[PDB]
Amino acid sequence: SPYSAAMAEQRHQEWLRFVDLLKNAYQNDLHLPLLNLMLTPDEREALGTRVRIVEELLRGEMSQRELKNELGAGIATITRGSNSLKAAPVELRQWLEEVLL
């Protein structure tokens, strides 16, 4: 069939298993070495940069040019980061505005 809900739930349960693994690593102070095992150095740098992208999209002061030349974020990335922010639950957006700004 064209869409498999069974495989979607199996993928979801594999993802939850990672989420739970990392939850427990934070509890036991093994989060930093776990993250180094599970993410490449480039993936880690990308995540650090994405935090600044979300912060700037939320602040809404940086120009497209400044976003591109300070964070490598082109019109594709900005759009994707915007759609993600639009899709996020308000409780997350509010919490992020508090914490990040």
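From 1 onward, residues are counted along the sequence shown.
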Mean CA temperature factor from the deposited coordinates, higher in 45-53 or in 58-66? 58-66
Looking only at C-alpha temperature factors in the entry, 26-34 or 69-77, the higher average sits in 69-77
Split the chain's modelled residues into thirds by Cα B-factor; is residue 5 in the lowest, middle or highest one? lowest
Which third, lowest, middle or highest, does the CA B-factor of residue 82 fall in along this chain? highest
